[PDB]
Each structure stands twice: as C-alpha cells, then as structure tokens.
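Reviewing the structure listed below.
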Amino acid sequence: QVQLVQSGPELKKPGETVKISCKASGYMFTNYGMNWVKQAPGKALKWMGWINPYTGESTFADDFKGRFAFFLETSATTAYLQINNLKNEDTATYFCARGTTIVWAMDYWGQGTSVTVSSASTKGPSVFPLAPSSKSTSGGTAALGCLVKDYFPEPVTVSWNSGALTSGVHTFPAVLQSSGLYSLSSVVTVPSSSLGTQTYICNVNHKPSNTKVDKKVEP
Amino acid sequence: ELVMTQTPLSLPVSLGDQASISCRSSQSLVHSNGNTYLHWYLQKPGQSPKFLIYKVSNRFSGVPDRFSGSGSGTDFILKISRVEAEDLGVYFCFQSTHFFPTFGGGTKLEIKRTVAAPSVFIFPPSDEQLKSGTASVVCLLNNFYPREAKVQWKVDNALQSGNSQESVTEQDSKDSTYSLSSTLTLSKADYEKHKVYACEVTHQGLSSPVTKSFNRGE
Ligand SMILES: CC(=O)[C@H]1CC[C@H]2[C@@H]3CCC4=CC(=O)CC[C@]4(C)[C@H]3CC[C@]12C
C-alpha cells in the first residue's frame, strides 16, 4: 500500500545544513504533491510548503521562505527537505505527507524525522536491568525493565525481545536532570510464572550516537 | 493572513458520550470555485497524523462512522459521537482553500473514566549501575486514573527532596489509565550510607497510602 518512510534522527550544530529524506512507495510518485510539516515539541503542526514532483516546482509558506529547500529523486521516488544555516528554532519533528491533489489534502504521512540543533555533542545511553522482584514460585503479575540513562539528544528507541513483546509495555517520556542529559525507563508486566520460563531482552537503539544495545533483564 | 482557531484546547469526555471540537476561521473557507477545503486529522501520542475528514463532511476510507464533521463558512464542528478509548489524541483542522494552508492549534481529547488504583513496584539499582558509580532507585505506579498521584520517598524513614524525577505516560489507548515512574538518584556512596528505601504512593483509588520498600543488598 502507500508508504512514506523517512530517514532517522539528526543532531546538528547551529549554522550547519541538514537534509532529511522521505522515500515513497506503493503509488505513482510523480502524480501527487509532497508536503512538509513541522512539529515543535508539544506544539501544533505547521505546513511549510510542498513540491510538485510533476513540475519540480516548490511553494513555501511565509515562515519558511528563506533557508528551506525541497528536492526530488524521481528515479528513486524520494523527496527531500533541506534546512540550512540551522537555528535552535528548527529543533523539531519534520513530516512529509502525500498531497492528494483531487481534494487538496495530505492523506498518507511519513513517521516523522526528529532534528535537534545543539552546540553540544552526542552522548549515548547506559542501559541497566530493572530486575523483577517477584519470585516465579508465587502468583500475580511481576514487573521489570530497562533504565536507559544519561544520553543526548532525544530520541532513543526501546523494544522488547526484538519488538515481539509489545503487550504490557510502557516506555516513559524522557526526562532531564541537572546533568543536561536525558533518562528514561521502559517497563513491562508479565506473569511471574514465566520468569523461570523464558528470557527478556530490551533492545535500545540511540541513532545519533550509533549505540545499539541489548540487555538481558533477570533476577 | 487567515487565522484558524480551535476550541477547546482540551476536551475531557467519558466513554460513550459525544464530543464537539469546533474550529472557527478568520475568513470564509469557501473557494470562489464553490468548494470548502476544510479537513481534520487525528494525531495519536508518538504517531504521525491520520487523515479523518476531507472537504468538511467526508469520512476518509477506514475512518469509523461515529466521526462526522459539518459546518459552513467560518464555523466547523467535528463530532465524535459514542466516544471510544482509542479516540484519545490531538485533533487538528486544516484549511487549504486560501493560500497558504494552515492548521488549527489542535484539541487534546481526554477520556474520562472511573478511578483506578495503582499497582506499585520498586527496583533497587543494578550491580552494573553501582559498578559505574551511581545508584538510581525506581518506583513504578502501573495502570491508574486520575493522573494525580503523590509519590514520596523515605530513605531510612526520612522524607526526600528534589533529588527524584517523575515521568507519566500518555493515557492508555485501551483502558485509558496512566502509568508513572519516580526515580530517586543518589551517588553510589550516598546510597550505601543507608539501608531502607521506600516509595509511598498516595492516590484517590487507594483507601490509604501503599508503601513499597527494600533493604539494601538483596
Ligand atoms: C490554490 C491553488 O491554485 C491550488 C492548485 C493546486 C493546489 C494544491 C494541491 C496540492 C496540495 C496538497 C495539500 O495537502 C495541501 C494543499 C495543496 C498544496 C493545494 C493547495 C491549493 C493549490 C495550490
């Protein structure tokens, strides 16, 4: 079906350029507009502009007249956004969204690319088992998880047992401490009966620092 | 330059009840060609937006029947009748009649439900973490409502201050509860100066405060 899959998280110094991509599939690419939407943390969506891939032509909204460009690679069905001379105001999530021109609305959206602009250097997390306390012998549900500690910038991606354990999982919003760095926890609930059955690995990816980590959580 | 206003910013509704987000506009959204190009998206926590309604009153494919939109000129309503747990999210109106297209500021739909008491857990710091030179203690409150919860730390039965952090999840998409983590962070040395670590939870669902604790080195 229609899929828009955008490139990963970016961390860039102020003044540098960024180029974000968005690969489309499952339809004639040249036949539909490509729109870009900005989303600052906890703020509303903003329509930046679109590129008409059939004419190669770009329109920008007032705020994004200036340091912003759209590019295409029709052969490879990818659209790009490039921001340059980056400011802190650009730290945000950027979305491409197919422009269904027959009713002047975007219909399919990419998953979002998160860009942090900072003078500071990527710092990768440490991961610690939050180890379950309920003895497998007794009943009820037992709780367990991973403490993903001391990283910059946002986001990190937590899954469990390589994304094949999703039920009962809570990954908390990241929070800051005085260190200037982020921490969070991902916890899961599981029948205490199964802690002595099968294993629990949490899989933490933090892409701006290129750390992929697996942690075996156990008694 | 048109303005696109949404009301409210925050709309609590209970399950099965109806919800009206409204969206005004500084100028008519009728095109000189006859159409109204007003649309709605829903953005669920973490996820990218979903197409709901196009041209004022049309469900996009797959969008359930209990969503409907209406209005004309400057005033539009989105009505979710018989509200459900997964309608939780932020709703935006989007106009593309006049250049340049704009979004409303969004309405956060919140589900109202009966009180539910937390499941409380506690995790001592890991050996691994200690080896590196700090202790973090974590206290988990699982599956509760309302958001409000007082979490207190007793270290050897002395109350703590401004050395822990709270994080709360967004409302759950199936049962509409919250989950919370409180994390006390001490230096390895500080941690070893003491023996009993406890988080005491106070909450509307609990008839009296529940305490979870451990003694060091278990
Ligand atoms: C006003 C006008 O001439 C029309 C002609 C084609 C239209 C565009 C077609 C593509 C499109 C898709 C969107 O999702 C936003 C609206 C837009 C960007 C439309 C806005 C109004 C346009 C620019």
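A note on labels: chains of the structure tokens are A, B, ... as shown, every chain counts residues from 1, and ligands are counted from 1 in their shown order.
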Just the residues within 12 Å of residue 178 of chain A, please, counting only C-alpha atoms, with nothing from its chain fewer than 4 positions along; format it as a PDB file with N, CA, C and O atoms, in the first residue's frame.
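And here is the file that came out, result.pdb:
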ATOM      1  N   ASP A 150      21.376   8.717  30.908  1.00  0.00           N
ATOM      2  CA  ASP A 150      22.440   9.687  30.560  1.00  0.00           C
ATOM      3  C   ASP A 150      22.773   9.784  29.069  1.00  0.00           C
ATOM      4  O   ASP A 150      23.914   9.521  28.664  1.00  0.00           O
ATOM      5  N   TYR A 182      19.343  13.352  29.279  1.00  0.00           N
ATOM      6  CA  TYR A 182      18.104  12.625  29.379  1.00  0.00           C
ATOM      7  C   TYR A 182      18.252  11.234  30.010  1.00  0.00           C
ATOM      8  O   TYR A 182      19.309  10.602  29.927  1.00  0.00           O
ATOM      9  N   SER A 183      17.151  10.785  30.619  1.00  0.00           N
ATOM     10  CA  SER A 183      16.978   9.429  31.101  1.00  0.00           C
ATOM     11  C   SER A 183      15.547   8.984  30.912  1.00  0.00           C
ATOM     12  O   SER A 183      14.640   9.794  31.037  1.00  0.00           O
TER      13      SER A 183
ATOM     14  N   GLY B 162      13.762  17.112  46.029  1.00  0.00           N
ATOM     15  CA  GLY B 162      14.417  17.496  44.742  1.00  0.00           C
ATOM     16  C   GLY B 162      15.666  16.749  44.275  1.00  0.00           C
ATOM     17  O   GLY B 162      16.648  17.354  43.799  1.00  0.00           O
ATOM     18  N   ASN B 163      15.592  15.428  44.404  1.00  0.00           N
ATOM     19  CA  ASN B 163      16.629  14.505  44.001  1.00  0.00           C
ATOM     20  C   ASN B 163      16.005  13.286  43.304  1.00  0.00           C
ATOM     21  O   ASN B 163      16.708  12.310  43.010  1.00  0.00           O
ATOM     22  N   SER B 164      14.683  13.342  43.078  1.00  0.00           N
ATOM     23  CA  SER B 164      13.967  12.394  42.194  1.00  0.00           C
ATOM     24  C   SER B 164      13.237  13.103  41.043  1.00  0.00           C
ATOM     25  O   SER B 164      13.169  14.327  41.042  1.00  0.00           O
ATOM     26  N   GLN B 165      12.741  12.328  40.063  1.00  0.00           N
ATOM     27  CA  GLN B 165      12.098  12.841  38.832  1.00  0.00           C
ATOM     28  C   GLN B 165      10.868  12.018  38.552  1.00  0.00           C
ATOM     29  O   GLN B 165      10.883  10.813  38.749  1.00  0.00           O
ATOM     30  N   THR B 185      17.713   9.482  42.508  1.00  0.00           N
ATOM     31  CA  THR B 185      19.081   9.312  42.026  1.00  0.00           C
ATOM     32  C   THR B 185      20.104   9.772  43.048  1.00  0.00           C
ATOM     33  O   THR B 185      20.300  10.970  43.245  1.00  0.00           O
TER      34      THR B 185
END
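Around ligand 1, the neighbouring residues within 7 Å, taking only C-alpha atoms and all ligand atoms, come to residues 33, 35, 50, 98, 99, 100, 101, 104, 105 and 106 of chain A; 96, 97, 98, 99 and 101 of chain B.
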Provide as an MDAnalysis selection string the residues of chain A at most 8 Å from chain B, counting only C-alpha atoms. chainID A and resid 43:47 61 95 103:112 128:133 143 170:175 177 185
For the residues selected in the previous step, produce a file with N, CA, C and O atoms as a compact mmCIF listing (two decimals), in the first residue's frame.
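See result_30.txt below for the written result:
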# COMPACT_ATOMS: atom_id res chain seq x y z
N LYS A 43 3.81 21.22 20.46
CA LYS A 43 3.19 22.34 19.75
C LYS A 43 2.29 21.77 18.65
O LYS A 43 2.29 20.55 18.43
N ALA A 44 1.56 22.64 17.95
CA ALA A 44 0.71 22.23 16.82
C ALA A 44 1.53 22.05 15.55
O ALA A 44 2.65 22.56 15.45
N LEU A 45 0.93 21.36 14.58
CA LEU A 45 1.52 21.16 13.27
C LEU A 45 1.56 22.46 12.46
O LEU A 45 0.67 23.30 12.60
N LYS A 46 2.58 22.60 11.61
CA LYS A 46 2.75 23.76 10.72
C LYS A 46 3.08 23.28 9.31
O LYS A 46 3.99 22.46 9.10
N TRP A 47 2.35 23.83 8.34
CA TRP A 47 2.53 23.47 6.95
C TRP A 47 3.63 24.37 6.36
O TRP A 47 3.44 25.59 6.25
N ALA A 61 5.44 28.38 2.57
CA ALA A 61 4.65 29.27 3.39
C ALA A 61 5.56 30.37 3.94
O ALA A 61 6.77 30.18 4.06
N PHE A 95 7.67 16.23 9.02
CA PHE A 95 6.83 15.21 8.40
C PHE A 95 6.69 15.52 6.94
O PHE A 95 6.39 16.66 6.58
N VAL A 103 -8.55 16.52 -3.79
CA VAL A 103 -9.29 17.20 -2.71
C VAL A 103 -8.41 18.11 -1.85
O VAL A 103 -8.84 18.55 -0.78
N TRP A 104 -7.21 18.41 -2.32
CA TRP A 104 -6.32 19.40 -1.69
C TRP A 104 -6.03 19.09 -0.24
O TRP A 104 -6.15 19.97 0.62
N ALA A 105 -5.67 17.85 0.04
CA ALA A 105 -5.36 17.43 1.40
C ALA A 105 -4.28 16.36 1.39
O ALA A 105 -4.16 15.62 0.43
N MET A 106 -3.47 16.30 2.44
CA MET A 106 -2.45 15.26 2.61
C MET A 106 -3.16 14.03 3.14
O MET A 106 -4.02 14.14 4.01
N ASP A 107 -2.82 12.85 2.63
CA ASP A 107 -3.53 11.64 3.05
C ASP A 107 -2.66 10.59 3.76
O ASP A 107 -3.09 9.93 4.70
N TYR A 108 -1.43 10.43 3.32
CA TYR A 108 -0.54 9.49 3.94
C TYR A 108 0.64 10.27 4.44
O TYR A 108 1.12 11.14 3.73
N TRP A 109 1.05 10.00 5.66
CA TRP A 109 2.14 10.73 6.28
C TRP A 109 3.30 9.82 6.65
O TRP A 109 3.11 8.69 7.08
N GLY A 110 4.52 10.34 6.54
CA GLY A 110 5.70 9.60 6.98
C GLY A 110 5.71 9.55 8.49
O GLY A 110 4.91 10.21 9.14
N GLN A 111 6.63 8.79 9.06
CA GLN A 111 6.61 8.59 10.50
C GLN A 111 7.22 9.78 11.30
O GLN A 111 7.04 9.89 12.53
N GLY A 112 7.91 10.67 10.61
CA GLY A 112 8.44 11.81 11.30
C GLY A 112 9.93 11.67 11.51
O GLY A 112 10.39 10.61 11.90
N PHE A 128 20.52 -0.34 32.07
CA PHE A 128 20.62 -1.15 33.27
C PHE A 128 19.39 -1.98 33.51
O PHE A 128 18.28 -1.47 33.36
N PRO A 129 19.56 -3.27 33.85
CA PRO A 129 18.34 -4.02 34.09
C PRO A 129 17.61 -3.48 35.33
O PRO A 129 18.24 -3.26 36.36
N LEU A 130 16.32 -3.21 35.18
CA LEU A 130 15.40 -3.01 36.30
C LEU A 130 14.81 -4.37 36.51
O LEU A 130 13.88 -4.76 35.82
N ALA A 131 15.41 -5.10 37.45
CA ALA A 131 15.22 -6.53 37.59
C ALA A 131 14.00 -6.87 38.45
O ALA A 131 13.80 -6.24 39.51
N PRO A 132 13.20 -7.88 38.01
CA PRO A 132 11.92 -8.21 38.66
C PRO A 132 12.16 -8.76 40.03
O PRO A 132 13.19 -9.40 40.26
N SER A 133 11.23 -8.52 40.94
CA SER A 133 11.40 -8.91 42.36
C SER A 133 10.51 -10.07 42.80
O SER A 133 10.79 -10.71 43.83
N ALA A 143 6.68 -7.18 37.58
CA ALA A 143 7.15 -6.07 36.72
C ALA A 143 8.67 -6.02 36.54
O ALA A 143 9.43 -6.38 37.44
N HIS A 170 5.46 -0.19 28.83
CA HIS A 170 5.35 1.25 28.98
C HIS A 170 6.71 1.85 28.90
O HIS A 170 7.53 1.63 29.79
N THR A 171 6.95 2.62 27.84
CA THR A 171 8.21 3.32 27.74
C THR A 171 7.96 4.75 28.12
O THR A 171 7.19 5.42 27.48
N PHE A 172 8.59 5.21 29.18
CA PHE A 172 8.30 6.55 29.68
C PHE A 172 8.88 7.72 28.84
O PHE A 172 9.90 7.57 28.19
N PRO A 173 8.20 8.87 28.82
CA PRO A 173 8.79 10.06 28.25
C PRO A 173 10.16 10.25 28.82
O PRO A 173 10.36 10.00 30.01
N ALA A 174 11.10 10.70 28.00
CA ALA A 174 12.39 11.08 28.56
C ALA A 174 12.25 12.31 29.49
O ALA A 174 11.35 13.18 29.30
N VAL A 175 13.12 12.36 30.51
CA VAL A 175 13.17 13.44 31.44
C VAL A 175 14.62 13.88 31.62
O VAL A 175 15.53 13.07 31.54
N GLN A 177 17.79 15.78 33.75
CA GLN A 177 18.27 16.09 35.09
C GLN A 177 19.29 17.18 35.01
O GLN A 177 19.61 17.65 33.93
N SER A 185 12.89 5.10 31.43
CA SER A 185 12.72 3.69 31.72
C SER A 185 11.66 3.12 30.82
O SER A 185 10.68 3.78 30.48
Among listed residues A:77, A:102, A:160, A:71, nearest residue 23 of chain A (using only C-alpha atoms):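 Answer, going by the shortest atom-to-atom distance: A:77.
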Point-to-point distance from atom CA of residue 146 of chain B to atom CA of residue 77 of chain B, Å rounded to tenths: 28.2 Å
